[PDB]
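In the authors' numbering, the protein residues as written are 562 to 907, 918 to 1044.
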């Protein structure tokens, strides 16, 4: 009814740090919430079309759609379609930066250039292959699939010859696509699944060959009116979809997709090629309840938790919906309340633990902060853990290291000098970056509220110790 989103196109999910990424497309921003929908940070907070890099408040987007998350480096790859670019959001350094593209609709069908030297034509989804460090891009404008190499910044064509046609050939130049709007990698990292929007079909792209094979939809030979689109469940060439925009391959190997113009979610088994409808009557509307009687309105993006919760960008309703998949019959689609998401204009947060410290009673002294990790977790060495100090009435207390990075052992020392008789409150906000052996980026956001009221003139040297307590899978 009162959604803070305007036409969200795509989603990505980070399950280890409890983060849901939303492309609020018609507000030209990415919105990060926790998986219960409480606001964490927004990116491109102006809300206006643009193409600027820099901090999360200098930065601007022009209709971002597809999102991909990099768990080893804590980056979000964006498909900035109307800027014809691929943007990279770095959360370690709170800057946005452009990896390829340059703002103008290029007409390059071969490519192979480095960084912003290579132009693009309306990229629409992105998926991140973590092993070979490649970003695959469903380039809707040129009817091809492209490949960004994170190691040399070279962006080249991967498959499709440039013609708009459902043609599943055996080499990159003998295949065609038709406004490919979604892409998801299989758990074997051997195939990618494409939502070939204009051909109204799901296709499987072979990541070694460069070729593709059709899985379901877009076949007129068996369609009752010889139309390549419709709304019909079945197997293979009996299936009819209408403009699927999103596709996701879950770890159980099944393919979840949004049959966008039919306002349904569907499930496709890539070996039987059987497609069944999961949720939605077919009628463009909003109503949630049991799956078979509910309503979406042009769903176009999907993310999934390991547990089995499927999130849906319900784009033409501007909601985020979710479905708990392993409840089977009783399966109901529900809506995600977005708490604290505040629309754009030209302190506190939701993922940050708040620790109250015993009041500091000396006029002057040294405050030692020692953050430790549980066993088996170590500090990241490529992303150093940072802190920043503020005090309740500025200048009530003076701290020399207003900003600092912790030592490799998680410690720092702040020197303080209180100016008044009166009570004040300091807040030490620190982002800690740590990992298990796998080196997947975990992080914790901790803010220490240090109350300050002079009760003695003799210097002291209190200690703040804190153990991080990582999140539960």
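Every residue, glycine too, gets a C-beta built ideally from N, C-alpha and C.
Using a Cβ-Cβ cutoff of less than 6 Å, which residues in the same chain neighbour residue 1022 once the five nearest sequence positions on both sides are dropped?
930, 996
Counting pairs of beta carbons, one from the stretch 618-631 and one from the stretch 580-599, are three or more of them closer than 8 Å?
yes
Under 8 Å: do the stretch 929-949 and the stretch 889-896 share three or more Cβ pairs, one atom per stretch?
no
In or out: residue 946 buried (at least 16 other Cβ within 10 Å) or exposed?
exposed
Mind checking who residue 638 pairs with in its DSSP beta bridge?
629, 649
From 628, 821, 1012, 658, residue whose alpha carbon lies closest to that of residue 954
1012
Roughly how many whole angstroms lie between the Cα atoms of residue 1024 and residue 993?
6 Å
Of the listed residues 774, 627, 971, 889, nearest to residue 686 (C-alpha basis)
627
Compare the Cα-Cα distances from residue 911 to each of 741, 747, 632 and report the closest residue.
Missing from the coordinates: residue 911, inside the break in the chain from 907 to 918.
Using 8 Å for Cβ pairs, my map puts residue 902 next to residue 565. What's the rounded Cβ distance?
4 Å
Is residue 647 near residue 662, with beta carbons less than 9 Å apart?
yes
What three-state label does DSSP hand residue 588 in the structure shown?
helix
Could you tell me which whole alpha helix (DSSP H) segments of length 4 or greater appear in the stretch 950-1008?
none
Please identify the residue among 833, 875, 869, 871 whose C-alpha is closest to the C-alpha of residue 848.
875
Checking 9 Å against the spacing of the C-beta atoms, do residue 817 and residue 863 come in under that value?
yes
Got a sec, what are the start and stop residues for the beta strand (DSSP E) residue 939 sits in?
935-943
Measuring straight from C-alpha to C-alpha, what distance separates residue 825 and residue 853?
10 Å
Endpoints, beta strand (DSSP E) assigned at residue 1027:
1013-1027
Residues near residue 575 by beta carbon distance below 6 Å, same chain, minus five either side:
630
Since residue 600 contacts residue 657 with CB under 8 Å, what's their CB separation in whole angstroms?
Not confirmed; about 18 Å, so no contact.
Out of curiosity, what's the CA-to-CA distance linking residue 856 and residue 841?
5 Å
Taking the beta strand (DSSP E) that residue 896 belongs to, which residues open and close that run?
894-896
Using DSSP bridges, identify the partner residues of residue 807.
819
For residue 712, collect the residues of the same chain with a Cβ closer than 7 Å to its Cβ; drop the 5 residues on either side in sequence, then sort them by chain order.
694
Simplified DSSP assignment, three categories, for residue 793
strand
In angstroms with no decimal places, state the Cα-to-Cα distance between residue 638 and residue 679.
17 Å
Hey, out of 832, 1038, 819, 850, whose CA is closest to residue 838's CA?
819
Could you check what DSSP says for residue 891 in three-state terms: helix, strand or coil?
helix
Integer-rounded CB distance, given that residue 835 should sit under 8 Å from residue 796:
5 Å
Buried versus exposed, by CB contacts within 10 Å (16 or more), residue 918:
exposed
Can you tell me whether residue 877 is helix, strand or coil according to DSSP?
helix
Residue interval of the beta strand (DSSP E) (run including residue 741)
741-746
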